């Protein structure tokens, strides 16, 4: 393997390092996704498309891959600068556009795997998955659970996130986190910390975005990079309704 990937040896053979070099990844959302991108790029995934329409805001600096100088710049331009200073020969393609029902299919075309890191602020997170399912593109959903990282993979032929939604109210990340906490408690592995942060958040008077910590961001980037390597080299993975949860206590 190359001198940059020298310490990747034994874990990866030359053909695997070679394989993931060109494996086209689509990353929707450069927030939690900006941490994911760096870890995956350094691992050896050199073909990443990143789509995001926001600018870098101050509140991102506690958990996202941006600097004080990046604030107010389009995230996609900022994360490409960070990524291309890590690997100049990498194929980092960005598109500074919001995903809508009309354009989302055209961006997805051409990718072998996708990471859905989209805010539920529009109705595109789930439609994004439907298009990926139809096209044999597995979808990673990373979540920042503060102390923990959560990843679930929507597999093309498996259940979609729709299965946890009730059709009368809109579905966001709080429903995913509540599903995970209830599953753990039901199966005898209760995550009392997760239920604790869920309770605190619900009893907040004002409606604010969910809190997140750098630790969960860093953990979930590692989980995602691993999952990407397993999907690209066709190693077994859990598909939704199964998920991966990683935290200091296991």
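Positions refer to the first chain, counted from 1.
- Stretches 118-126 and 145-153 differ in mean C-alpha B factor, with the higher average recorded for 118-126.
- With 201-209 and 24-32 compared on mean CA B-factor from the PDB entry, the stretch scoring higher is 201-209.
- When the CA B factors of the chain's modelled residues are split into thirds, the value for residue 214 lands in the lowest one.
- Annotation for residue 49: CA B-factor lies in the middle third of the chain's modelled residues.
- Residue 86 sits in the middle third of its chain by CA B factor, as recorded in the PDB entry.
- Split the chain's modelled residues into thirds by C-alpha temperature factor. Residue 234 is in the middle one.
- Sort the chain's modelled residues by C-alpha temperature factor and residue 76 lands in the middle third, per the entry.
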